[PDB]
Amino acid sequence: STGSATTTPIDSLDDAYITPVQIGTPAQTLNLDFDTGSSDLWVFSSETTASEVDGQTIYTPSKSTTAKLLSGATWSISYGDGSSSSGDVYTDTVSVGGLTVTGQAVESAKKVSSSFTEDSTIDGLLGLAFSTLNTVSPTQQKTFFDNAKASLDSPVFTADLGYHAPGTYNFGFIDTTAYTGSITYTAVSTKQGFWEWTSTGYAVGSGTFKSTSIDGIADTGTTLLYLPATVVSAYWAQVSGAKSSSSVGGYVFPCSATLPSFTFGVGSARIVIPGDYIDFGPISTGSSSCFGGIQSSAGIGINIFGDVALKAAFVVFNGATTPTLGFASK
């Protein structure tokens, strides 16, 4: 089998991407944030504290003839941005772009933190990291990808995120029309439960490539590119007036600037992030200070190849017995 679904930016800045997902019988369609940095499929629901729901579409398990309470199971998660959610668990039929899994754990939120409430466009998350990170207790549950894997034509999914435009998540096949040149594959460590790999270096604009190992994770659920302070300083030093602002919480730059590109290495290959991808607009409405799309990972404890990086590439998440990651230009 295969599946193919379009993913759409939630706003004009590509702060996140939503993909429609069918849950239950008859189908209830929710717009979920596909997140290769976590491993829980959770949704706003009829059980979510009413004051914490503000415009989201909810899953109502009592209206699904295929929903079953997973007795005794609970979940609780907290993300790198400080947000969190928790609740109980049903199993139900879940379909993405024509690909169907029966008996998928659908984690129903009883509580969500303010940042989820305040974002009316995201109805939940669909985790695509390794199932060892799933938070369901006392019986850990599998991700949608892990449940689908054996049925797929090939044990892979791909992320093709757009810049200020829709893109595609495919399951079970590689669309050879969706990228240019060849796909370069690189080793993955699953030891922390993430799609963790090592970039071979970087360049700033038209500058020379610096060969240096940069361990990090491929994370579709993180907006920005978080890299070591040395790398980030070298980037922003090429932008007149750019500075790190403790009050704002990162590098800012004059909105009048034209930003240089940023290149990262994948083996002997190179992915180029155009400068415009690194512009996240005014720090507050009407400001002439703009927020940077490349930020320091110091204090996170891990480097994160988030959407800013991933949307410059066609990315293969290869879930074969030994997982690997593939990157192509597009």
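The numbering used is simple: start at 1 and walk along the sequence shown.
*Asks:* Out of 206 to 214 and 252 to 260, which one has CA B-factors that are higher on average in the deposited record?
*Replies:* Comparing 206 to 214 with 252 to 260, the higher average CA B-factor belongs to 206 to 214.
*Asks:* Mean CA temperature factor from the deposited coordinates, higher in 101 to 109 or in 76 to 84?
*Replies:* Per the PDB record, 76 to 84.
*Asks:* Highest CA temperature factor in the entry: which of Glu118, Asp123, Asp160, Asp219?
*Replies:* When the deposited C-alpha B-factors of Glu118, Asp123, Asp160, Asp219 are compared, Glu118 is largest.
*Asks:* In this PDB entry, which of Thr180, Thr230, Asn134, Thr186 has the top CA B-factor?
*Replies:* When the deposited C-alpha B-factors of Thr180, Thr230, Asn134, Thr186 are compared, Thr180 is largest.
*Asks:* Could you look up the Cα B-factor of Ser1 in the entry and say which third of the chain it sits in: lowest, middle or highest?
*Replies:* As the PDB entry reports it, the C-alpha B-factor of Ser1 lands in the highest third of its chain.
*Asks:* Going by the recorded CA B-factors, say which third of the chain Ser46 sits in, lowest, middle or highest.
*Replies:* Highest third of the chain for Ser46's C-alpha B-factor.
*Asks:* Where does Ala16 sit by CA temperature factor within its chain: lowest, middle or highest third?
*Replies:* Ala16: CA B-factor falls in the middle third of its chain.
*Asks:* Where does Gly172 sit by CA temperature factor within its chain: lowest, middle or highest third?
*Replies:* Tercile = middle for this residue's CA B-factor.
*Asks:* Using the B-factor values recorded in the entry, state whether the Cα atom of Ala150 falls in the lowest, middle or highest third among the modelled residues of its chain.
*Replies:* According to the entry, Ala150 has a C-alpha B-factor in the chain's highest third.
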